[PDB]
């Protein structure tokens, strides 16, 4: 999911609710864990008693268990800015619904161009997903032109991951973007 540090997530920790920067939570978890393993640049900690808002297999937005968290160093992220000054910061390997040749299709963020028309969900929060759930969530959609595409530095120098079983998505950040792993 390689999410930037600053993206707020809504969580339950050891049984209670709070709203926090995803990077802040995950840093605290890892730095307190004795269950860290590595996959190259990837630092992975398994965790207990943490739940995040996600869209589950029964088609509902609910608190769902996080099994593990992880982080890895990243050099660059793309900031996409659309009409109304909505914006999102994501790594290169993400794709977003774009109008291309008369259809809505997922396009990698590094292949996007100013003037491209993105399809955003009509909601306050972004969704980071590993599977297709647009049209499967009960949402209205809005069409917004890209204004800027900037290359920026990650807030921490790291990007972050949650593992959410039986959902493989989670809610994080604001705007109404749906970001697909790619």
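Positions refer to the first chain, counted from 1.
Enquirer: Select between 34 to 42 and 117 to 125 the stretch whose C-alpha atoms have the higher average B-factor in the entry.
Expert: It is 34 to 42.
Enquirer: Looking at the deposited entry, does 166 to 174 or 11 to 19 carry the larger mean Cα B-factor?
Expert: Higher mean C-alpha B-factor in the PDB entry: 11 to 19.
Enquirer: Based on the PDB record, which member of 136, 64, 69, 144 exhibits the highest Cα temperature factor?
Expert: Max CA B-factor in the entry, restricted to 136, 64, 69, 144: 136.
Enquirer: Hey, what third does residue 109 fall into on Cα B-factor, ranked over its chain?
Expert: For residue 109, the deposited C-alpha B-factor lands in the lowest third.
Enquirer: Using the temperature factors of the C-alpha atoms in this entry, rank residue 102 within its chain: lowest, middle or highest third.
Expert: For residue 102, whose C-alpha B-factor we compare with every modelled residue in the chain, the answer is the middle third.
Enquirer: Name the third of the chain's ranked CA B-factors that contains residue 179, choosing lowest, middle or highest.
Expert: Ranked within chain, residue 179 CA B lands in the lowest tercile.
Enquirer: Taking the entry's C-alpha B-factors for this chain, is residue 149 in the lowest, middle or highest third?
Expert: Middle third by C-alpha B-factor.
Enquirer: Looking at the entry's B-factor column for C-alpha atoms only, identify whether residue 77 ranks in the lowest, middle or highest third of its chain.
Expert: Highest third, going by the recorded CA B-factors of the chain.
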